[PDB]
């Protein structure tokens, strides 16, 4: 239940991302109480608009585990996920989503399209913000 530690790692990733001129957002993917993936935004570095921290750790964890989805895993992010990441989180079958502040300009969990509450969303995680 080391949530403070999980968020700290995400904050570290966020700071590092900012230093390399990326959007300062970080995330960690946890499975069975252990961090199995960590990352900040890498869209500039990879010339990939989908390389947001959330998707980066989802791809990394899936590669480490050799599975197409992450049922039972928890995702910690420094900022409310956007529309693209919210949908990816749903597709990955993430169990719990923990994030810091809301992002009114582009969020999609409690802000914006509130994807997890829409009829076109077929899977939603637990959501703990702030």
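Positions refer to the first chain, counted from 1.
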item	value
Of 101-109 and 83-91, the stretch whose C-alpha atoms average the higher B-factor in the entry	101-109
Segment of higher mean CA temperature factor, 13-21 or 111-119	13-21
Highest-ranked of 96, 34, 38, 52 once sorted by CA temperature factor in the record	34
Chain thirds of CA B-factor: placement of residue 62	middle
